[PDB]
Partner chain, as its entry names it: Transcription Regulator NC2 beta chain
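Here we start with a single chain on its own, the form deposited without its partner chain, put down as structure tokens.
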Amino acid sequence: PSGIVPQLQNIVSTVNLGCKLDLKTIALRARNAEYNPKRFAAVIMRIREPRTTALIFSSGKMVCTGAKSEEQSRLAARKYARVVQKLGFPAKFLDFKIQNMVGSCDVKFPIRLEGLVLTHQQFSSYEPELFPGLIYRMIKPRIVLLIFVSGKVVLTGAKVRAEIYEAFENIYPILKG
């Protein structure tokens, strides 16, 4: 192995509160709620611990972002559910699911992106006129990696933490060799 463990940077999870919600009531009676229905249809809510943001929809469906672990994401989503309950809605915690996981790390050596796009062409997209990183679409596991000249790597699209580790271990010999 590389001896490099990719750090989780962001977790996106969803949950169904199982009841219809009046967003005007939430925006009025909560301190941590941002609601501009002409800009975006959902209530934007923030809690300080775990530091996260939620998108609360009138349907009762919720999106939770910013957590650094799957456990933190679940704890945060549960706290938003509890805020909705105390506002007077019969909120439940249904079908909690991790939707996306973002990892990041550093191989600590520079990458010839112009060479990698030639050798691993079938997985690589590198257009420096548009973005500095090479977009690597790994098929197994199904992970998108953003590879920079600095050797810093972004890994995204994972449903489970093991797919971030599996993708980085697969990419390390390609970058090293």
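Numbering follows the first chain given and starts at 1.
There is also a form deposited with its partner chain bound; it is not shown, and the following applies to it.
Of the heavy atoms in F123, some are within 4.5 Å of its partner chain in the bound PDB entry. The closest heavy atom approach of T119 to its partner chain in the bound PDB entry falls within 4.5 Å. Looking at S2, you'd find every heavy atom of it more than 4.5 angstroms from its partner chain in the bound PDB entry. In the bound PDB entry, at least one heavy atom of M138 sits within 4.5 Å of a heavy atom of its partner chain.
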